[PDB]
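Only one chain comes next, encoded as structure tokens, the form deposited in one PDB entry.
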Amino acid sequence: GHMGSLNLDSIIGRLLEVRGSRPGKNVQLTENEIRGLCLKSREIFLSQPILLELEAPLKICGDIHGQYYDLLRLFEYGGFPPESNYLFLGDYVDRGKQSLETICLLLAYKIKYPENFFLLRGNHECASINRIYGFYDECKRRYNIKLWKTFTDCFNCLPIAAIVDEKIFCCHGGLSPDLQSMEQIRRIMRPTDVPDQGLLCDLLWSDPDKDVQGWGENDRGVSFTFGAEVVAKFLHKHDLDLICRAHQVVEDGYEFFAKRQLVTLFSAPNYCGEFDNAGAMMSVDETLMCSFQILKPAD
């Protein structure tokens, strides 16, 4: 049928072709194909709110970090779009071997199913970070530096948080001492880079820590840790039930905090060959009952 300038259906077909291949095989799109994905998804991102208000049913996913074949397993097990609705929490690139195929498939599904597929910004969707941790090198090796800058301009337009049915608050990192009204998130203008401190930084960088009472300093060198009492007060003040975030590897692929007031999701099993963790996604049905679908390494 009608092709379209983006050649989108062909791109998705070639990305999904390697479902039947030995893991590790590259999918080498053209530069202009990738730029098209960046420019159209950028326009879609800016046309939707920076604080996404979503309905269940929905499957929520944590970090992928370029583990493209684990992304394909997640879709194969959870259902390929639009069979399921998806919200990813960021950290698509860096650390893994195939950040390119990973982000390209994600951007392509964003364009294909723009009301049923959602991507938040993680702290690695940031030039100062993915310059160092792998994505820049991958872009330079398989394409050129200009394409990396095109990705950066796209990433600068990613939305930052989501609220599911007024009850589950989702972001990549966590809470902020400056987050007092949801309007403060809505007022963040795009495109923006990630600052080294402040609200946008903490939403992408902060971590829960049961061993701190309120706010602690974060081992990552930026942002904060926050204790169980901070979570309880935040949920109470905003009439929320749950914080759903990612950003930290967890042995089971999901991990509860503060009497299940917070869950951490992480969707890259055997994280960059250094850990022996499972990857998981959280299925949220229309009653807001939450369960987990897990990819568990055996070998």
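One-based numbering along the sequence shown.
Note that the form solved in complex with a small molecule isn't included here; everything after this is about it.
Participant: Looking at 222, 212, 182, 188, which is the one with a non-hydrogen atom within 4.5 Å of the small molecule in the deposited complex?
Facilitator: Of the candidates 222, 212, 182, 188, 222 is the one lying within 4.5 Å of the small molecule in the deposited complex.
Participant: Heavy atom within 4.5 Å of the small molecule in the deposited complex: which of 139, 126, 158, 74?
Facilitator: By the 4.5 Å criterion, the partner-contacting residue is 126.
Participant: Heavy atoms within 4.5 Å of the small molecule in the deposited complex: which stretch among 174 to 182, 108 to 116, 141 to 149, 201 to 209?
Facilitator: Looking at the other structure, the answer is 201 to 209.
Participant: Hey, in the deposited complex, does residue 82 get a heavy atom within 4.5 angstroms of the small molecule?
Facilitator: Taking the distances in the deposited complex, the answer for residue 82 is no, it never comes within 4.5 Å of the small molecule.
Participant: Is residue 271 near the small molecule? Define near as a heavy atom within 4.5 Å, in the deposited complex.
Facilitator: Yes - in the deposited complex, heavy atoms of residue 271 and the small molecule come within 4.5 Å of each other.
Participant: Does the small molecule come within 4.5 Å of any heavy atom of residue 194 in the deposited complex?
Facilitator: Looking in the deposited complex, residue contacts with the small molecule include residue 194, since a heavy atom lies within 4.5 Å.
Participant: Are any of the heavy atoms in residue 32 no more than 4.5 Å from a heavy atom of the small molecule in the deposited complex?
Facilitator: Contact check for residue 32: no, nothing within 4.5 Å of the small molecule in the deposited complex.
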